[PDB]
Amino acid sequence: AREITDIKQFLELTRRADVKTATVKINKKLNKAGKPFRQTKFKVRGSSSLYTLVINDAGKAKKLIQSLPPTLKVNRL
Amino acid sequence: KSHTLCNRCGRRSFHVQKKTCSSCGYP
Amino acid sequence: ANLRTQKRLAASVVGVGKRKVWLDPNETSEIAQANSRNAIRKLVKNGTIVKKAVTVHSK
Amino acid sequence: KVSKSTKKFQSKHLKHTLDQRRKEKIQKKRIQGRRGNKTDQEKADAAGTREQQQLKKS
Amino acid sequence: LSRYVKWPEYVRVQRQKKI
Amino acid sequence: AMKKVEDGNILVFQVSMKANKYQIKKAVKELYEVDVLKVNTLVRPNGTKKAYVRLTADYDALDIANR
RNA sequence: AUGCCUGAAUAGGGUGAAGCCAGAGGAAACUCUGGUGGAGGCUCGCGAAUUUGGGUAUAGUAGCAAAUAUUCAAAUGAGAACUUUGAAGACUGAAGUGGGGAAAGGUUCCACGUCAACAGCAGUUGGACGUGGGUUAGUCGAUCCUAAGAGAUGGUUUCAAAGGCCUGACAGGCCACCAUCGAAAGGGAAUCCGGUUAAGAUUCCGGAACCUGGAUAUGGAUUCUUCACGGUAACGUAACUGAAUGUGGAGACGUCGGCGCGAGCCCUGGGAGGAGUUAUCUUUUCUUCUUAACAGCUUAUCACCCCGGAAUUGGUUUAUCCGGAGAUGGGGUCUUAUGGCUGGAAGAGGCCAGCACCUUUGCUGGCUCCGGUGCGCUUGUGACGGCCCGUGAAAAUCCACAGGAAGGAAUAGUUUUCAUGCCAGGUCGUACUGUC
RNA sequence: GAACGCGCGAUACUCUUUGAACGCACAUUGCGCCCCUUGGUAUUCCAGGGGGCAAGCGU
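Residue numbers (the working numbering), protein chains in the order written: chain W, 1 to 77; chain F, 78 to 104; chain Y, 105 to 163; chain G, 164 to 221; chain D, 222 to 240; chain X, 241 to 307.
This is the structure in structure tokens:
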């Protein structure tokens with residue numbers, strides 16, 4: 001499995017011809033400041049690997065979710 | 078276990094160390 | 105009324121060995137019909153087959 | 164706490180090791196008093212050099 | 222070395238009979 | 241074998257001693273007109289060969305067993 | 001009797017040899033005292049003996065087949081001391097009466113029915129009988145390689161015509177050396193976790209990943225048009241052509257000792273759950289709080305490089321070894337073994353609580369957190385020191401280096417050890433038990 | 001003659017694996033090479049089938 005920090009790379013991954021499904025996973029976890037927050041993992045598998053994008057920002061995750069292709073199947077959790 | 082199956086005759090007479098059969102003499 | 109296989113399956117499913125499983129003496133007929141591990145799991149869930157705890161003995 | 168190697172050796176090899184030690188001690192004690200058991204260096208020292216041998220012959 | 226391998230036996234024999 | 245057929249989408253066949261996985265796959269494909277995902281073969285104690293032929297998701301093994 | 005090849009083992013307690021450090025006596029040599037160090041024909045539990053697997057040479061009498069402890073209630077059954085469940089008593093006590101393997105056995109594995117025979121009483125029980133079910137691999141082994149040795153060819157490469165390759169609008173040229181067998185413990189490309197059966201698992205299912213071979217396409221580089229740069233250096237890189245020929249590395253190699261580090265186990269504090277005991281005392285005793293292969297970033301003792309030139313000799317190990325053949329000191333380069341963070345991955349696994357049913361009767365909600373410790377056991381590893389000794393088996397296999405043959409440009413020049421993309425992986429073993 | 005199967009051999013109440021036994025090995029269902037042909041995207045890959053492999057310094 002691979003991790004990617006690039007949002008547009010993830011979007012390019014989800015835009016290819018051989019894309020099956022994308023998984024959106026939510027984790028309720030605390031940061032070093034002690035205040036808990038919501039972390040979102042976007043997972044899509046390419047040719048031979050599973051690429052994961054981890055976002056600790058809620059607004060960015062919402063924008064990325066709204067920017068996903070409308071013909072792409074998305075697994076919630 | 079000094080002997081094993083002989084391919085030519087099927088008896089338990091093939092000496093493993095000598096690689097020869099004591100019943101049909103193979104080969 | 106031969107629950108040897110039932111005890112074996114219960115020990116395997118719960119994973120606590122045959123010395124920790126408890127088969128209900130008042131439910132021999134019900135346990136006798138548990139010929140599969142799914143039925144053993146059902147019996148464990150219903151409480152007919154129970155898992156005994158580790159002995160309380162100081163180290 | 165006993166080590167694993169100690170347990171393995173004491174379970175496997177202790178008896179024959181002790182027996183061989185006993186046999187070696189017995190043989191050494193038996194041949195301690197015998198006459199005719201010398202090392203090669205001692206035999207050479209008793210033999211002496213060549214010049215010592217012409218000295219002895221004279 | 223062994224340079225005789227430059228001549229086969231028949232050649233060597235037929236040249237020995239020449240002598 | 242029938243449990244595997246109805247659940248695992250796998251057809252269990254008996255094949256010859258002289259057949260390999262390529263031949264079993266090709267024979268299943270030709271005789272039953274199905275796509276073979278994989279073939280796993282073993283040799284039984286009674287001197288016969290048993291093959292588990294898993295078909296692709298495009299085919300239902302229950303339908304092929306009934307047909 | 002003496003061997004040879006490849007593996008396992010060569011342990012522990014005690015004592016305390018050289019060498020070294022600090023002292024005292026003496027002009028040296030030396031001798032005492034304390035420490036350190038960890039060696040041996042040291043001890044402890046002509047002769048004899050000298051661990052081990054695989055391979056390979058030269059009268060219903062004697063008596064009960066001997067391995068201790070059984071008791072109570074219920075179920076089945078014609079029949080119960082011997083079958084099953086529960087309760088009690090007892091045993092093995094990790095060097096097991098516990099879980100696996102090689103060899104060997106061959107269905108003894110699992111289910112259903114049975115007691116004619118067998119399991120030296122009995123038996124409704126079975127390693128018995130009868131009928132069925134069961135062993136799934138690109139990644140684990142064999143298959144490949146060679147070891148001692150065996151053994152074809154004409155005794156093991158020998159007075160053998162013993163074979164492949166290259167060049168060129170049939171001739172010429174290059175090279176030497178022998179088949180094959182022999183290891184499921186030696187060398188070797190690559191797979192992990194969770195779940196699943198009456199009996200199958202690194203093989204099945206789900207997820208995740210690597211290895212080898214092949215054809216090809218795209219991007220990038222190959223910067224004026226033609227095989228790229230940087231740093232004093234060690235060396236760094238997204239690439240960055242390389243024939244014959246000649247070399248180098250890995251494979252690939254004795255044993256022992258202490259020291260340093262990592263991991264698993266053990267010990268332990270707080271807290272979040274569950275269980276036991278409570279006439280009295282006991283913030284108490286038990287148990288859960290886990291993170292795989294693989295992948296990205298980062299992280300080194302040693303070694304090496306540059307500056308510099310050292311006695312008032314310094315540095316320094318537990319072990320007195322190092323320095324003008326360049327120390328101390330200052331600044332750098334490298335191997336990634338091994339830690340850390342992250343993806344895999346919490347969705348898994350675990351511990352709880354609650355709500356559904358004469359039924360596959362599964363639904364829902366929480367917690368799965370933060371630390372400490374070492375003459376501890378197991379194991380891996382680094383730099384050393386000691387002793388023996390052929391500089392410590394071979395081969396398959398992969399890589400690199402010298403060398404400069406050849407090739408490369410105007411409507412897609414050459415190369416593709418950089419990146420991404422496609423396809424495939426046959427035969428045999430796999431159930432069960434188990435002299436090393 | 002032997003092994004495995006249904007007197008017989010996958011055409012089994014034509015002739016499997018062998019055996020003097022013949023591509024090489026062999027206590028293995030192990031390892032190759034050559035010619036034709038067929039299929040799966042196919043000039044390369046993979047697989048199936050058929051048939052095979054015990055010159056001279058002489059005149």
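Cβ coordinates follow ideal geometry from the N, Cα and C atoms, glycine included.
When W:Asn31, W:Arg38 and W:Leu50 are compared, the shortest CA-CA separation from W:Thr23 is found for W:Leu50. Scanning its chain for C-beta atoms nearer than 8 Å, with the 5 sequence neighbours on each side dropped, one finds around W:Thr52 the residues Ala1, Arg2, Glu3, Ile4, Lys41, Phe42 and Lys43, in chain order. Three or more Cβ pairs closer than 8 Å define a contact, and the region 59 to 72 of chain W meets that threshold against the region 7 to 23 of chain W. The distance from the Cβ of Y:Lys124 to that of Y:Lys155 is about 6 Å, consistent with a contact at the 8 Å cut-off. When rounded, the separation of the alpha-carbon atoms in W:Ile26 and W:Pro36 is 13 Å.
A contact is defined here as three or more CB-CB pairs under 8 Å, and the region 256 to 270 of chain X fails this definition with respect to the region 229 to 236 of chain D.
DSSP assignment within the region 165 to 194 of chain G yields no whole beta strand (DSSP E) run of 3 residues or more. The alpha-carbon separation between Y:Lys122 and Y:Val148 amounts to approximately 14 Å. F:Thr97 is bridged by DSSP to F:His92.
Per DSSP, the unbroken beta strand (DSSP E) holding X:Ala291 starts and ends at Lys289 to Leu295. Measuring C-alpha to C-alpha distances from Y:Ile144 to each of Y:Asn106, Y:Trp126, Y:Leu113 and Y:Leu107 identifies Y:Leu113 as the nearest. In the structure shown, X:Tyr299 falls within a coil segment according to DSSP collapsed to helix, strand and coil.
Comparing C-alpha distances from W:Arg38 to each of W:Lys62, W:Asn75 and W:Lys20 shows the shortest one belongs to W:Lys62. Distance from the CA atom of W:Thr71 to the CA atom of W:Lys20, rounded to whole angstroms, is 11 Å.
When DSSP reads this structure, W:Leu50 sits in a beta bridge with W:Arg45.
The residues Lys290, in chain order, have a CB closer than 6 Å to that of X:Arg284 in the same chain once the five nearest residues on each side in sequence are set aside.
Here the C-alpha atom of D:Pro229 lies approximately 60 Å from the C-alpha atom of X:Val279. DSSP places Y:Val148 inside the alpha helix (DSSP H), whose first and last residues are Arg141 to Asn150. The straight-line gap separating the alpha-carbon atoms of G:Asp182 and F:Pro104 is approximately 49 Å.
The alpha carbon of Y:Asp128 has as its nearest neighbour, out of Y:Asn106, Y:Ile153 and Y:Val117, the alpha carbon of Y:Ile153. Closest option to Y:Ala157, judged by alpha-carbon separation, among Y:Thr109, Y:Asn142, Y:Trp126 and Y:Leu107: Y:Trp126.
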